[PDB]
Amino acid sequence: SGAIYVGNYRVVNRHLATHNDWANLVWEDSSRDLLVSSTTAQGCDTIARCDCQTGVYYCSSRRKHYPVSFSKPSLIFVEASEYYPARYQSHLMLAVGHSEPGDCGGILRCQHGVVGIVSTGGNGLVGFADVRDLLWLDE
Ligand SMILES: NC(=O)[C@H]1CCCN(C(=O)Cc2cccc3cn[nH]c23)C1
Ligand SMILES: [Zn+2]
């Protein structure tokens with residue numbers, strides 16, 4: 001579990017979004033596993049605007065932060081789950097690191113701020129949904 005709070009927005013994994021999230025929907029994209037809802041309080045997270053390929057992510061299944069090298073956002077195949085059929089997830093970045101299904105929502109950060117959130121994983125890999133291209137999160 002976990003979300004990004006920036007301005008009047010909450011960013012969460014689309015497969016974990018609540019009734020409140022959908023009742024206050026701003027934007028959602030099933031192909032990115034992202035959903036953004038509105039909030040009645042200010043968000044003080046800073047979104048990075050960069051092409052960093054190194055950072056640190058929070059891993060709830062280990063109660064620890066891990067440094068990672070990650071790939072550039074791209075279309076990557078993802079197995080069927082209960083939330084989605086087999087498909088290509090776009091704007092996805094992979095890293096070598098530990099992750100388990102309940103790790104989704106853990107933030108990936110670089111020196112510039114928030115990069116994305118855990119969305120996929122398995123086999124010693126962790127996948128992050130990128131948020132650096134969503135320039136509207138700031139205005
Ligand atoms: N974005 C999706 O379509 C996902 C929806 C939930 C299921 N899913 C996974 O990847 C499950 C999984 C296994 C093993 C480590 C991890 C870490 N996070 N998620 C992990 C696919
Ligand atoms: Zn950066």
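All values below were derived from every heavy atom in this structure, side-chain atoms included, with hydrogens, water molecules and symmetry-related copies excluded. The chain is numbered in sequence order, starting from 1. Counting starts at 1 for both ligands and their atoms, in listed order.
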- request: With sequence neighbours left out, write down each residue that passes side chain to side chain contact (heavy atoms under 4.5 Å, CB included) with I107, or none if nothing qualifies.
  value: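 If we apply the side chain to side chain contact (heavy atoms under 4.5 Å, CB included) test to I107, skipping adjacent residues, the hits are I4, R109, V114, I117.
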
query: Sequence neighbours excluded, which residues qualify as side chain to side chain contact (heavy atoms under 4.5 Å, CB included) partners of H65?
result: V56, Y58

query: With a 4.5 Å heavy-atom cut-off, do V68 and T54 have their side chains touching?
result: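 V68 does not reach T54 side chain to side chain.
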
- prompt: Does a side chain donor of either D33 or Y84 reach within less than 3.5 Å of an acceptor in the other side chain?
  reply: yes

- prompt: Is it true that the side chains of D103 and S60 contain a donor and an acceptor less than 3.5 Å apart?
  reply: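 There is such a pair (donor and acceptor under 3.5 Å, judged by atom type) between the side chains of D103 and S60.
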
One pair per line, please: each N/O atom of ligand 1 matched with every protein N/O atom under 3.5 Å away, atom names first, then the distance to 0.1 Å.
unit_1	atom_1	unit_2	atom_2	d
ligand 1	1 (N)	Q89	OE1	3.0
ligand 1	1 (N)	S119	O	3.0
ligand 1	1 (N)	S119	OG	3.2
ligand 1	3 (O)	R87	NH1	3.1

- prompt: With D133, which of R49, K72, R32 fulfils salt bridge (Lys or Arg N to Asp or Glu O under 4.0 Å)?
  reply: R32

message: So, at under 2.8 Å, which protein N, O or S atoms would a careful student list around the Zn ion (ligand 2)?
response: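 Checking every protein N, O and S atom gives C50 SG, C52 SG, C110 SG, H112 ND1.
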
message: Once you measure the plane-to-plane angle for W27 and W136, does it fall in the parallel (<30°), tilted (30-60°) or perpendicular (>60°) bin?
response: perpendicular

query: To the nearest 0.5 Å, what is the distance between CG (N24) and NE2 (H19)?
result: 13.0 Å

- prompt: Would you call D21-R10 a salt bridge at under 4.0 Å N-O?
  reply: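 Looking at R10 together with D21, the answer is yes, because their closest N to O distance falls below 4.0 Å.
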
